[PDB]
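So this block is target.txt, compact mmCIF, N, CA and C atoms:
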```txt
# COMPACT_ATOMS: atom_id res chain seq x y z
N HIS A 6 0.80 -1.27 0.00
CA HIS A 6 0.00 0.00 0.00
C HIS A 6 0.83 1.31 0.00
N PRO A 7 1.31 1.77 -1.18
CA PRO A 7 2.09 3.01 -1.33
C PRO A 7 1.37 4.30 -0.96
N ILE A 8 2.12 5.30 -0.48
CA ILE A 8 1.62 6.69 -0.36
C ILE A 8 2.65 7.66 -0.97
N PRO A 9 2.35 8.24 -2.14
CA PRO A 9 3.38 8.97 -2.86
C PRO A 9 3.79 10.28 -2.18
N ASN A 10 4.95 10.81 -2.56
CA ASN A 10 5.30 12.14 -2.15
C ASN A 10 4.27 13.14 -2.67
N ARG A 11 4.06 14.22 -1.93
CA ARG A 11 3.13 15.28 -2.31
C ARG A 11 3.84 16.19 -3.33
N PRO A 12 3.23 16.43 -4.50
CA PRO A 12 3.88 17.24 -5.55
C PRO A 12 4.11 18.63 -5.08
N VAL A 13 5.33 19.13 -5.21
CA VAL A 13 5.67 20.53 -4.88
C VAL A 13 5.40 21.43 -6.11
N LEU A 14 4.69 22.54 -5.93
CA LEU A 14 4.28 23.37 -7.05
C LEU A 14 5.16 24.60 -7.11
N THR A 15 5.09 25.34 -8.21
CA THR A 15 5.82 26.58 -8.37
C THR A 15 5.36 27.54 -7.27
N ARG A 16 6.18 28.55 -6.92
CA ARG A 16 5.78 29.54 -5.89
C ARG A 16 4.41 30.05 -6.27
N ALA A 17 4.27 30.50 -7.53
CA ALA A 17 3.03 31.16 -7.94
C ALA A 17 1.85 30.28 -7.64
N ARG A 18 1.93 28.98 -7.94
CA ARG A 18 0.77 28.09 -7.72
C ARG A 18 0.50 27.81 -6.24
N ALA A 19 1.54 27.67 -5.42
CA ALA A 19 1.34 27.28 -4.00
C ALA A 19 0.92 28.43 -3.07
N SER A 20 1.11 29.67 -3.55
CA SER A 20 0.89 30.82 -2.70
C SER A 20 -0.56 31.20 -2.79
N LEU A 21 -1.32 30.41 -3.54
CA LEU A 21 -2.75 30.63 -3.75
C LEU A 21 -3.54 30.36 -2.47
N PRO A 22 -4.39 31.31 -2.06
CA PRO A 22 -5.31 31.07 -0.93
C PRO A 22 -6.22 29.81 -1.08
N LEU A 23 -6.40 29.11 0.02
CA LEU A 23 -7.17 27.86 0.07
C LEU A 23 -8.60 28.04 -0.41
N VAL A 24 -9.09 29.27 -0.25
CA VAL A 24 -10.33 29.82 -0.78
C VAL A 24 -10.48 29.79 -2.32
N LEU A 25 -9.36 29.68 -3.04
CA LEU A 25 -9.41 29.74 -4.51
C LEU A 25 -8.72 28.55 -5.15
N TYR A 26 -8.90 28.39 -6.45
CA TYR A 26 -8.18 27.38 -7.16
C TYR A 26 -8.04 27.85 -8.60
N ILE A 27 -7.03 27.35 -9.27
CA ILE A 27 -6.85 27.53 -10.66
C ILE A 27 -7.47 26.31 -11.36
N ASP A 28 -8.17 26.54 -12.45
CA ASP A 28 -8.85 25.48 -13.14
C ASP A 28 -8.03 25.17 -14.36
N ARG A 29 -7.45 23.96 -14.39
CA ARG A 29 -6.65 23.43 -15.51
C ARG A 29 -7.25 23.75 -16.89
N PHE A 30 -8.51 23.37 -17.12
CA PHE A 30 -9.12 23.39 -18.46
C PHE A 30 -9.57 24.77 -18.92
N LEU A 31 -9.93 25.59 -17.95
CA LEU A 31 -10.55 26.87 -18.25
C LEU A 31 -9.58 28.05 -18.32
N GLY A 32 -8.51 28.00 -17.53
CA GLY A 32 -7.61 29.14 -17.37
C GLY A 32 -8.11 30.00 -16.21
N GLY A 33 -7.21 30.56 -15.43
CA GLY A 33 -7.66 31.54 -14.47
C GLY A 33 -8.10 31.02 -13.12
N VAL A 34 -8.33 31.95 -12.21
CA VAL A 34 -8.62 31.69 -10.81
C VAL A 34 -10.13 31.79 -10.50
N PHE A 35 -10.64 30.91 -9.65
CA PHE A 35 -12.06 30.81 -9.38
C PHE A 35 -12.22 30.71 -7.86
N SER A 36 -13.44 30.81 -7.36
CA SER A 36 -13.64 30.67 -5.93
C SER A 36 -14.26 29.30 -5.62
N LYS A 37 -13.75 28.66 -4.57
CA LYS A 37 -14.39 27.48 -4.04
C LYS A 37 -15.76 27.85 -3.41
N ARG A 38 -15.82 28.99 -2.72
CA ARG A 38 -17.03 29.37 -1.96
C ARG A 38 -17.43 30.82 -2.28
N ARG A 39 -18.46 31.35 -1.59
CA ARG A 39 -18.87 32.75 -1.79
C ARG A 39 -17.73 33.66 -1.34
N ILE A 40 -17.40 34.63 -2.19
CA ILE A 40 -16.41 35.65 -1.86
C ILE A 40 -17.19 36.96 -1.84
N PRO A 41 -17.41 37.54 -0.63
CA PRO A 41 -18.27 38.75 -0.47
C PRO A 41 -17.66 39.95 -1.14
N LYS A 42 -18.49 40.94 -1.45
CA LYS A 42 -17.99 42.25 -1.90
C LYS A 42 -16.98 42.85 -0.89
N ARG A 43 -16.03 43.64 -1.39
CA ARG A 43 -14.99 44.34 -0.60
C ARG A 43 -14.05 43.37 0.10
N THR A 44 -13.67 42.31 -0.59
CA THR A 44 -12.73 41.36 -0.03
C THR A 44 -11.43 41.67 -0.72
N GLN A 45 -10.37 41.90 0.06
CA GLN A 45 -9.08 42.34 -0.45
C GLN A 45 -8.05 41.22 -0.58
N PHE A 46 -7.54 40.98 -1.80
CA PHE A 46 -6.45 40.02 -2.01
C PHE A 46 -5.16 40.76 -2.21
N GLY A 47 -4.03 40.10 -1.93
CA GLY A 47 -2.72 40.70 -2.14
C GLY A 47 -1.77 40.67 -0.95
N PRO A 48 -0.57 41.24 -1.13
CA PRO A 48 -0.09 42.00 -2.30
C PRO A 48 0.35 41.14 -3.43
N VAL A 49 0.23 41.66 -4.65
CA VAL A 49 0.96 41.14 -5.81
C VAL A 49 2.44 41.09 -5.50
N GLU A 50 3.05 39.96 -5.83
CA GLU A 50 4.48 39.76 -5.63
C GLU A 50 5.09 39.32 -6.96
N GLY A 51 6.28 39.83 -7.25
CA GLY A 51 7.02 39.45 -8.46
C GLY A 51 8.10 40.46 -8.78
N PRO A 52 8.87 40.21 -9.85
CA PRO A 52 9.99 41.10 -10.22
C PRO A 52 9.48 42.44 -10.70
N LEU A 53 10.23 43.51 -10.45
CA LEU A 53 9.88 44.81 -10.98
C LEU A 53 10.70 45.12 -12.25
N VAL A 54 10.12 45.88 -13.19
CA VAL A 54 10.80 46.17 -14.45
C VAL A 54 10.53 47.61 -14.88
N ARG A 55 10.55 47.91 -16.18
CA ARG A 55 10.61 49.31 -16.63
C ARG A 55 9.39 49.85 -17.40
N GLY A 56 8.61 48.94 -17.97
CA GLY A 56 7.55 49.33 -18.90
C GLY A 56 8.12 49.19 -20.29
N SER A 57 9.35 49.67 -20.46
CA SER A 57 10.23 49.12 -21.46
C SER A 57 10.15 47.63 -21.17
N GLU A 58 10.26 46.81 -22.22
CA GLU A 58 10.26 45.35 -22.06
C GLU A 58 9.37 44.82 -20.92
N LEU A 59 8.05 44.98 -21.10
CA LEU A 59 7.03 44.27 -20.33
C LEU A 59 6.17 43.47 -21.31
N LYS A 60 5.82 42.24 -20.93
CA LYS A 60 5.09 41.30 -21.80
C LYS A 60 3.60 41.64 -21.94
N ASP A 61 2.92 40.86 -22.78
CA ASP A 61 1.46 40.95 -22.95
C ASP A 61 0.64 39.80 -22.31
N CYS A 62 1.29 38.90 -21.57
CA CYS A 62 0.53 37.84 -20.90
C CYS A 62 -0.42 38.42 -19.83
N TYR A 63 -0.21 39.67 -19.44
CA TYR A 63 -0.82 40.12 -18.20
C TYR A 63 -1.33 41.55 -18.21
N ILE A 64 -2.03 41.91 -17.14
CA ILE A 64 -2.35 43.27 -16.86
C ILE A 64 -1.00 43.88 -16.50
N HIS A 65 -0.84 45.18 -16.75
CA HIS A 65 0.37 45.92 -16.38
C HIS A 65 0.15 46.72 -15.11
N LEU A 66 1.08 46.66 -14.18
CA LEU A 66 0.85 47.25 -12.88
C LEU A 66 2.02 48.07 -12.38
N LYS A 67 1.81 49.38 -12.25
CA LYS A 67 2.85 50.30 -11.78
C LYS A 67 2.98 50.32 -10.24
N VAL A 68 4.24 50.32 -9.77
CA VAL A 68 4.58 50.47 -8.35
C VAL A 68 5.64 51.55 -8.12
N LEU A 84 8.64 51.91 -12.02
CA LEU A 84 8.79 50.44 -12.09
C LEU A 84 7.45 49.66 -12.19
N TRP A 85 7.48 48.46 -12.75
CA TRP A 85 6.25 47.71 -13.09
C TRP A 85 6.36 46.25 -12.68
N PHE A 86 5.28 45.49 -12.71
CA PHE A 86 5.42 44.06 -12.40
C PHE A 86 5.53 43.22 -13.64
N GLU A 87 6.54 42.35 -13.63
CA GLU A 87 6.73 41.38 -14.69
C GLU A 87 6.20 40.04 -14.21
N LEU A 88 4.97 39.74 -14.61
CA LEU A 88 4.26 38.53 -14.14
C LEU A 88 4.36 37.32 -15.11
N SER A 89 5.58 37.01 -15.55
CA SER A 89 5.84 36.00 -16.57
C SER A 89 6.11 34.59 -16.02
N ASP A 90 6.72 34.56 -14.83
CA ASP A 90 7.48 33.42 -14.34
C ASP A 90 6.91 32.97 -13.02
N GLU A 91 6.43 31.73 -12.99
CA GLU A 91 5.74 31.16 -11.84
C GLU A 91 6.64 30.96 -10.66
N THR A 92 7.93 30.84 -10.94
CA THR A 92 8.91 30.62 -9.90
C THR A 92 9.30 31.93 -9.24
N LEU A 93 8.87 33.06 -9.81
CA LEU A 93 9.35 34.35 -9.32
C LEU A 93 8.22 35.27 -8.88
N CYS A 94 6.99 34.92 -9.26
CA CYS A 94 5.75 35.61 -8.90
C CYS A 94 4.90 34.80 -7.94
N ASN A 95 3.87 35.43 -7.39
CA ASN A 95 2.85 34.67 -6.67
C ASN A 95 1.54 34.52 -7.46
N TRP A 96 0.49 34.00 -6.82
CA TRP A 96 -0.69 33.48 -7.51
C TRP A 96 -1.40 34.49 -8.38
N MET A 97 -1.30 35.78 -8.01
CA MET A 97 -1.97 36.86 -8.74
C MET A 97 -1.51 36.90 -10.20
N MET A 98 -0.32 36.37 -10.50
CA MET A 98 0.03 36.33 -11.90
C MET A 98 -1.05 35.63 -12.74
N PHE A 99 -1.94 34.87 -12.11
CA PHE A 99 -2.86 34.00 -12.86
C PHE A 99 -4.20 34.69 -13.02
N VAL A 100 -4.35 35.82 -12.34
CA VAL A 100 -5.63 36.48 -12.36
C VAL A 100 -5.73 37.27 -13.62
N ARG A 101 -6.59 36.82 -14.52
CA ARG A 101 -6.66 37.42 -15.84
C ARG A 101 -7.36 38.78 -15.86
N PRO A 102 -6.91 39.64 -16.79
CA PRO A 102 -7.51 40.98 -16.92
C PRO A 102 -8.87 40.94 -17.58
N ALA A 103 -9.87 41.44 -16.87
CA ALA A 103 -11.23 41.61 -17.40
C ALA A 103 -11.27 42.43 -18.70
N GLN A 104 -12.23 42.15 -19.58
CA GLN A 104 -12.34 42.87 -20.84
C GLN A 104 -13.63 43.62 -21.07
N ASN A 105 -14.62 43.45 -20.20
CA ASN A 105 -15.78 44.33 -20.15
C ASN A 105 -16.26 44.40 -18.72
N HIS A 106 -17.19 45.30 -18.44
CA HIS A 106 -17.71 45.51 -17.10
C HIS A 106 -18.58 44.33 -16.63
N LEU A 107 -18.98 43.46 -17.57
CA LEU A 107 -19.79 42.30 -17.24
C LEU A 107 -18.98 41.25 -16.51
N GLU A 108 -17.71 41.16 -16.86
CA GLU A 108 -16.97 40.02 -16.36
C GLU A 108 -16.04 40.43 -15.21
N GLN A 109 -16.00 41.73 -14.91
CA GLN A 109 -15.06 42.24 -13.92
C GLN A 109 -15.58 42.14 -12.48
N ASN A 110 -14.75 41.65 -11.58
CA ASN A 110 -15.18 41.54 -10.23
C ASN A 110 -14.08 41.92 -9.31
N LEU A 111 -12.93 42.30 -9.86
CA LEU A 111 -11.89 42.90 -8.98
C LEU A 111 -11.45 44.22 -9.50
N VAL A 112 -10.92 45.05 -8.62
CA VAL A 112 -10.27 46.27 -8.99
C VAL A 112 -8.92 46.17 -8.33
N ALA A 113 -7.92 46.66 -9.07
CA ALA A 113 -6.54 46.75 -8.60
C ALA A 113 -6.20 48.18 -8.22
N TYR A 114 -5.48 48.36 -7.11
CA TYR A 114 -4.94 49.69 -6.74
C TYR A 114 -3.68 49.50 -5.92
N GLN A 115 -2.89 50.57 -5.79
CA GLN A 115 -1.82 50.65 -4.79
C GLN A 115 -2.34 51.20 -3.46
N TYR A 116 -1.92 50.60 -2.34
CA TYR A 116 -2.30 51.10 -1.01
C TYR A 116 -1.10 51.31 -0.09
N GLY A 117 -0.33 50.27 0.19
CA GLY A 117 0.82 50.51 1.08
C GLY A 117 2.00 50.89 0.23
N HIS A 118 3.05 50.09 0.34
CA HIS A 118 4.04 49.97 -0.71
C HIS A 118 3.57 48.89 -1.67
N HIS A 119 2.29 48.57 -1.62
CA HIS A 119 1.82 47.36 -2.29
C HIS A 119 0.61 47.56 -3.20
N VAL A 120 0.30 46.52 -3.99
CA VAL A 120 -0.83 46.51 -4.93
C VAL A 120 -1.72 45.36 -4.55
N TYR A 121 -3.04 45.59 -4.63
CA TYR A 121 -4.05 44.69 -4.13
C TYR A 121 -5.16 44.48 -5.15
N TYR A 122 -5.85 43.35 -5.07
CA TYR A 122 -7.03 43.14 -5.88
C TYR A 122 -8.21 43.04 -4.94
N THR A 123 -9.24 43.87 -5.14
CA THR A 123 -10.37 43.87 -4.20
C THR A 123 -11.73 43.56 -4.88
N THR A 124 -12.52 42.63 -4.33
CA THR A 124 -13.78 42.30 -5.00
C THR A 124 -14.74 43.50 -5.04
N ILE A 125 -15.39 43.71 -6.18
CA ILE A 125 -16.38 44.77 -6.24
C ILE A 125 -17.79 44.18 -6.30
N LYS A 126 -17.88 42.87 -6.42
CA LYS A 126 -19.15 42.15 -6.44
C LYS A 126 -19.06 41.03 -5.41
N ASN A 127 -20.21 40.54 -4.96
CA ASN A 127 -20.23 39.28 -4.28
C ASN A 127 -19.97 38.30 -5.40
N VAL A 128 -18.91 37.53 -5.28
CA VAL A 128 -18.54 36.58 -6.29
C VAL A 128 -19.04 35.21 -5.88
N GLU A 129 -19.63 34.52 -6.86
CA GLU A 129 -20.30 33.25 -6.65
C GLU A 129 -19.33 32.08 -6.96
N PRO A 130 -19.61 30.89 -6.40
CA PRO A 130 -18.78 29.75 -6.75
C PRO A 130 -18.75 29.48 -8.26
N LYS A 131 -17.59 29.09 -8.78
CA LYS A 131 -17.43 28.80 -10.21
C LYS A 131 -17.52 30.06 -11.05
N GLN A 132 -17.18 31.21 -10.46
CA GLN A 132 -17.07 32.43 -11.26
C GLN A 132 -15.60 32.81 -11.32
N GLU A 133 -15.13 33.15 -12.51
CA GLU A 133 -13.73 33.47 -12.67
C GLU A 133 -13.47 34.88 -12.17
N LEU A 134 -12.43 35.00 -11.34
CA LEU A 134 -12.00 36.30 -10.87
C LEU A 134 -11.27 37.02 -11.97
N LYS A 135 -11.64 38.29 -12.23
CA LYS A 135 -11.10 39.03 -13.38
C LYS A 135 -10.90 40.50 -13.01
N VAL A 136 -9.69 41.02 -13.25
CA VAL A 136 -9.26 42.29 -12.65
C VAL A 136 -9.18 43.44 -13.64
N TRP A 137 -9.43 44.64 -13.17
CA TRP A 137 -9.01 45.80 -13.91
C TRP A 137 -8.82 46.98 -12.93
N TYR A 138 -8.18 48.04 -13.42
CA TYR A 138 -7.84 49.22 -12.63
C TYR A 138 -9.00 49.91 -11.89
N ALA A 139 -8.74 50.31 -10.64
CA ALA A 139 -9.65 51.22 -9.96
C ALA A 139 -9.35 52.57 -10.58
N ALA A 140 -10.37 53.40 -10.75
CA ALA A 140 -10.22 54.66 -11.46
C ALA A 140 -9.00 55.50 -11.03
N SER A 141 -8.80 55.69 -9.72
CA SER A 141 -7.66 56.50 -9.30
C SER A 141 -6.35 55.83 -9.73
N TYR A 142 -6.27 54.50 -9.57
CA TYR A 142 -5.11 53.74 -10.01
C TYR A 142 -4.95 53.82 -11.53
N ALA A 143 -6.05 53.84 -12.27
CA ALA A 143 -5.98 54.02 -13.71
C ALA A 143 -5.30 55.35 -14.05
N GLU A 144 -5.45 56.36 -13.18
CA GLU A 144 -4.71 57.61 -13.36
C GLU A 144 -3.18 57.39 -13.28
N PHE A 145 -2.70 56.63 -12.30
CA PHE A 145 -1.25 56.49 -12.12
C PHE A 145 -0.56 55.77 -13.29
N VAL A 146 -1.26 54.78 -13.83
CA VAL A 146 -0.74 53.88 -14.85
C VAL A 146 -0.65 54.59 -16.21
```
Serialized structure, structure tokens:
Amino acid sequence: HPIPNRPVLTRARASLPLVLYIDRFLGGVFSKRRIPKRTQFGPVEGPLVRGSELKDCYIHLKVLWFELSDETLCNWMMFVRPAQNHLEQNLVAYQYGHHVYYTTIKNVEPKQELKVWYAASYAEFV
């Protein structure tokens, strides 16, 4: 009766809150349970860069900027895809401390993909 070693995941994948999961087939982060309005995730963690040489896999975030390319160097927020209309958006991103956060603007339901875009004031900085 074997019991295998537990698979070790990239930093980005393991730093994910137990409240959420990434869905293999669909792409992106979802909620296991109800996530109420005004729930704050973060901080975004990862390498900082210039805006010069920043990729298109991701939303762009000013703090210098975040390069969210590499799972071994970022945390789970690298997986949170950028919303493309107001229908699908349920997070807003802003700077608060020395840090950047994603905050729910809707009560998010189970099996709904979390999708981010700028809070208006933050949209000014970027």
Just the number, please: distance in Å from atom C of residue 102 in chain A to atom N of residue 62 in chain A, one decimal. 11.1 Å
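Neighbours of residue 15 in chain A closer than or equal to 12 Å, with only C-alpha atoms counted and sequence neighbours fewer than 3 positions away skipped, come out as residues 12, 18, 19, 20, 21, 90, 91, 92, 93, 94, 95, 96 and 98 of chain A.
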Å distance separating CA of residue 139 in chain A from atom C of residue 113 in chain A, one decimal place: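 Pair CA of residue 139 in chain A / atom C of residue 113 in chain A returns 4.9 Å.
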With a distance cut-off of 12 Å and only C-alpha atoms, select the neighbouring residues of residue 118 in chain A, excluding the residue or stretch itself and same-chain residues fewer than 3 positions from it, and output the selection as an NGL selection string. :A and (47-50 or 67-68 or 114-115 or 121)
So that I have them on file, write out the residues from the current selection with N, CA and C atoms, as a PDB file, keeping the file's coordinate frame.
```pdb
ATOM      1  N   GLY A  47      -4.030  40.100  -1.930  1.00  0.00           N
ATOM      2  CA  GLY A  47      -2.720  40.700  -2.140  1.00  0.00           C
ATOM      3  C   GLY A  47      -1.770  40.670  -0.950  1.00  0.00           C
ATOM      4  N   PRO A  48      -0.570  41.240  -1.130  1.00  0.00           N
ATOM      5  CA  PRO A  48      -0.090  42.000  -2.300  1.00  0.00           C
ATOM      6  C   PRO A  48       0.350  41.140  -3.430  1.00  0.00           C
ATOM      7  N   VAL A  49       0.230  41.660  -4.650  1.00  0.00           N
ATOM      8  CA  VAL A  49       0.960  41.140  -5.810  1.00  0.00           C
ATOM      9  C   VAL A  49       2.440  41.090  -5.500  1.00  0.00           C
ATOM     10  N   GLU A  50       3.050  39.960  -5.830  1.00  0.00           N
ATOM     11  CA  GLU A  50       4.480  39.760  -5.630  1.00  0.00           C
ATOM     12  C   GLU A  50       5.090  39.320  -6.960  1.00  0.00           C
ATOM     13  N   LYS A  67       1.810  49.380 -12.250  1.00  0.00           N
ATOM     14  CA  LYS A  67       2.850  50.300 -11.780  1.00  0.00           C
ATOM     15  C   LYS A  67       2.980  50.320 -10.240  1.00  0.00           C
ATOM     16  N   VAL A  68       4.240  50.320  -9.770  1.00  0.00           N
ATOM     17  CA  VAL A  68       4.580  50.470  -8.350  1.00  0.00           C
ATOM     18  C   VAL A  68       5.640  51.550  -8.120  1.00  0.00           C
ATOM     19  N   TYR A 114      -5.480  48.360  -7.110  1.00  0.00           N
ATOM     20  CA  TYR A 114      -4.940  49.690  -6.740  1.00  0.00           C
ATOM     21  C   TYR A 114      -3.680  49.500  -5.920  1.00  0.00           C
ATOM     22  N   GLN A 115      -2.890  50.570  -5.790  1.00  0.00           N
ATOM     23  CA  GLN A 115      -1.820  50.650  -4.790  1.00  0.00           C
ATOM     24  C   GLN A 115      -2.340  51.200  -3.460  1.00  0.00           C
ATOM     25  N   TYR A 121      -3.040  45.590  -4.630  1.00  0.00           N
ATOM     26  CA  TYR A 121      -4.050  44.690  -4.130  1.00  0.00           C
ATOM     27  C   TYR A 121      -5.160  44.480  -5.150  1.00  0.00           C
TER      28      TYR A 121
END
```
With only C-alpha atoms as the atoms that count, which of A:39, A:101, A:60, A:65 lies nearest to residue 146 in chain A?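 Under the stated criterion, the closest residue is A:65.
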Padding of 5 Å on every side, edges along x, y and z, all listed atoms of range 7-19 of chain A included: what centre and edge lengths in Å, to one decimal, does that box have, as lines of an AutoDock Vina configuration file?
```
center_x = 3.3
center_y = 16.5
center_z = -4.4
size_x = 15.7
size_y = 39.4
size_z = 18.0
```
Can you work out the spacing between CA of residue 136 in chain A and atom C of residue 45 in chain A in Å, to one decimal? 12.2 Å
As a PDB file with N, CA and C atoms, in the frame of the given file, please: every residue in chain A that a backbone DSSP assignment puts in strand (DSSP E).
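Dumped to out17.pdb:
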```
ATOM      1  N   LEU A  25      -9.360  29.680  -3.040  1.00  0.00           N
ATOM      2  CA  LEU A  25      -9.410  29.740  -4.510  1.00  0.00           C
ATOM      3  C   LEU A  25      -8.720  28.550  -5.150  1.00  0.00           C
ATOM      4  N   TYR A  26      -8.900  28.390  -6.450  1.00  0.00           N
ATOM      5  CA  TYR A  26      -8.180  27.380  -7.160  1.00  0.00           C
ATOM      6  C   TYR A  26      -8.040  27.850  -8.600  1.00  0.00           C
ATOM      7  N   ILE A  27      -7.030  27.350  -9.270  1.00  0.00           N
ATOM      8  CA  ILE A  27      -6.850  27.530 -10.660  1.00  0.00           C
ATOM      9  C   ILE A  27      -7.470  26.310 -11.360  1.00  0.00           C
ATOM     10  N   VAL A  34      -8.330  31.950 -12.210  1.00  0.00           N
ATOM     11  CA  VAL A  34      -8.620  31.690 -10.810  1.00  0.00           C
ATOM     12  C   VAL A  34     -10.130  31.790 -10.500  1.00  0.00           C
ATOM     13  N   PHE A  35     -10.640  30.910  -9.650  1.00  0.00           N
ATOM     14  CA  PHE A  35     -12.060  30.810  -9.380  1.00  0.00           C
ATOM     15  C   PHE A  35     -12.220  30.710  -7.860  1.00  0.00           C
ATOM     16  N   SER A  36     -13.440  30.810  -7.360  1.00  0.00           N
ATOM     17  CA  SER A  36     -13.640  30.670  -5.930  1.00  0.00           C
ATOM     18  C   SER A  36     -14.260  29.300  -5.620  1.00  0.00           C
ATOM     19  N   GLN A  45     -10.370  41.900   0.060  1.00  0.00           N
ATOM     20  CA  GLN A  45      -9.080  42.340  -0.450  1.00  0.00           C
ATOM     21  C   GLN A  45      -8.050  41.220  -0.580  1.00  0.00           C
ATOM     22  N   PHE A  46      -7.540  40.980  -1.800  1.00  0.00           N
ATOM     23  CA  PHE A  46      -6.450  40.020  -2.010  1.00  0.00           C
ATOM     24  C   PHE A  46      -5.160  40.760  -2.210  1.00  0.00           C
ATOM     25  N   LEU A  53      10.230  43.510 -10.450  1.00  0.00           N
ATOM     26  CA  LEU A  53       9.880  44.810 -10.980  1.00  0.00           C
ATOM     27  C   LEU A  53      10.700  45.120 -12.250  1.00  0.00           C
ATOM     28  N   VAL A  54      10.120  45.880 -13.190  1.00  0.00           N
ATOM     29  CA  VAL A  54      10.800  46.170 -14.450  1.00  0.00           C
ATOM     30  C   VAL A  54      10.530  47.610 -14.880  1.00  0.00           C
ATOM     31  N   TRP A  85       7.480  48.460 -12.750  1.00  0.00           N
ATOM     32  CA  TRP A  85       6.250  47.710 -13.090  1.00  0.00           C
ATOM     33  C   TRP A  85       6.360  46.250 -12.680  1.00  0.00           C
ATOM     34  N   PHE A  86       5.280  45.490 -12.710  1.00  0.00           N
ATOM     35  CA  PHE A  86       5.420  44.060 -12.400  1.00  0.00           C
ATOM     36  C   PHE A  86       5.530  43.220 -13.640  1.00  0.00           C
ATOM     37  N   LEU A 111     -12.930  42.300  -9.860  1.00  0.00           N
ATOM     38  CA  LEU A 111     -11.890  42.900  -8.980  1.00  0.00           C
ATOM     39  C   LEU A 111     -11.450  44.220  -9.500  1.00  0.00           C
ATOM     40  N   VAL A 112     -10.920  45.050  -8.620  1.00  0.00           N
ATOM     41  CA  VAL A 112     -10.270  46.270  -8.990  1.00  0.00           C
ATOM     42  C   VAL A 112      -8.920  46.170  -8.330  1.00  0.00           C
ATOM     43  N   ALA A 113      -7.920  46.660  -9.070  1.00  0.00           N
ATOM     44  CA  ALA A 113      -6.540  46.750  -8.600  1.00  0.00           C
ATOM     45  C   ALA A 113      -6.200  48.180  -8.220  1.00  0.00           C
ATOM     46  N   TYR A 114      -5.480  48.360  -7.110  1.00  0.00           N
ATOM     47  CA  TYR A 114      -4.940  49.690  -6.740  1.00  0.00           C
ATOM     48  C   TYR A 114      -3.680  49.500  -5.920  1.00  0.00           C
ATOM     49  N   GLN A 115      -2.890  50.570  -5.790  1.00  0.00           N
ATOM     50  CA  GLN A 115      -1.820  50.650  -4.790  1.00  0.00           C
ATOM     51  C   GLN A 115      -2.340  51.200  -3.460  1.00  0.00           C
ATOM     52  N   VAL A 120       0.300  46.520  -3.990  1.00  0.00           N
ATOM     53  CA  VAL A 120      -0.830  46.510  -4.930  1.00  0.00           C
ATOM     54  C   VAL A 120      -1.720  45.360  -4.550  1.00  0.00           C
ATOM     55  N   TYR A 121      -3.040  45.590  -4.630  1.00  0.00           N
ATOM     56  CA  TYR A 121      -4.050  44.690  -4.130  1.00  0.00           C
ATOM     57  C   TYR A 121      -5.160  44.480  -5.150  1.00  0.00           C
ATOM     58  N   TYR A 122      -5.850  43.350  -5.070  1.00  0.00           N
ATOM     59  CA  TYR A 122      -7.030  43.140  -5.880  1.00  0.00           C
ATOM     60  C   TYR A 122      -8.210  43.040  -4.940  1.00  0.00           C
ATOM     61  N   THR A 123      -9.240  43.870  -5.140  1.00  0.00           N
ATOM     62  CA  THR A 123     -10.370  43.870  -4.200  1.00  0.00           C
ATOM     63  C   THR A 123     -11.730  43.560  -4.880  1.00  0.00           C
ATOM     64  N   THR A 124     -12.520  42.630  -4.330  1.00  0.00           N
ATOM     65  CA  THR A 124     -13.780  42.300  -5.000  1.00  0.00           C
ATOM     66  C   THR A 124     -14.740  43.500  -5.040  1.00  0.00           C
ATOM     67  N   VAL A 136      -9.690  41.020 -13.250  1.00  0.00           N
ATOM     68  CA  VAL A 136      -9.260  42.290 -12.650  1.00  0.00           C
ATOM     69  C   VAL A 136      -9.180  43.440 -13.640  1.00  0.00           C
ATOM     70  N   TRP A 137      -9.430  44.640 -13.170  1.00  0.00           N
ATOM     71  CA  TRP A 137      -9.010  45.800 -13.910  1.00  0.00           C
ATOM     72  C   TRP A 137      -8.820  46.980 -12.930  1.00  0.00           C
ATOM     73  N   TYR A 138      -8.180  48.040 -13.420  1.00  0.00           N
ATOM     74  CA  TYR A 138      -7.840  49.220 -12.630  1.00  0.00           C
ATOM     75  C   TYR A 138      -9.000  49.910 -11.890  1.00  0.00           C
TER      76      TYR A 138
END
```
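The point (-17.3, 42.1, -3.6) has these residues within 8 Å of it, counting only C-alpha atoms: residues 40, 41, 42, 43, 44, 110, 111, 123, 124, 125, 126, 127 and 128 of chain A.
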List every residue of chain A that DSSP, applied to the backbone of this structure, places in alpha helix (DSSP H), and write the result as a PyMOL selection string. chain A and resi 16-19+140-145
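For the set A:16, A:37, A:132, A:145, the residue with the smallest atom-to-atom gap to residue 97 in chain A is A:16, counting only C-alpha atoms.
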Distance query residue 59 in chain A at most 8 Å, all atoms listed in the file, self and fewer than 5 positions along chain excluded, as a PDB file with N, CA and C atoms, in the coordinates of the input:
```
ATOM      1  N   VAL A  54      10.120  45.880 -13.190  1.00  0.00           N
ATOM      2  CA  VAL A  54      10.800  46.170 -14.450  1.00  0.00           C
ATOM      3  C   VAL A  54      10.530  47.610 -14.880  1.00  0.00           C
ATOM      4  N   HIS A  65      -0.840  45.180 -16.750  1.00  0.00           N
ATOM      5  CA  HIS A  65       0.370  45.920 -16.380  1.00  0.00           C
ATOM      6  C   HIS A  65       0.150  46.720 -15.110  1.00  0.00           C
ATOM      7  N   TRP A  85       7.480  48.460 -12.750  1.00  0.00           N
ATOM      8  CA  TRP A  85       6.250  47.710 -13.090  1.00  0.00           C
ATOM      9  C   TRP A  85       6.360  46.250 -12.680  1.00  0.00           C
ATOM     10  N   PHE A  86       5.280  45.490 -12.710  1.00  0.00           N
ATOM     11  CA  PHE A  86       5.420  44.060 -12.400  1.00  0.00           C
ATOM     12  C   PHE A  86       5.530  43.220 -13.640  1.00  0.00           C
ATOM     13  N   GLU A  87       6.540  42.350 -13.630  1.00  0.00           N
ATOM     14  CA  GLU A  87       6.730  41.380 -14.690  1.00  0.00           C
ATOM     15  C   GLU A  87       6.200  40.040 -14.210  1.00  0.00           C
ATOM     16  N   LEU A  88       4.970  39.740 -14.610  1.00  0.00           N
ATOM     17  CA  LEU A  88       4.260  38.530 -14.140  1.00  0.00           C
ATOM     18  C   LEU A  88       4.360  37.320 -15.110  1.00  0.00           C
TER      19      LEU A  88
END
```
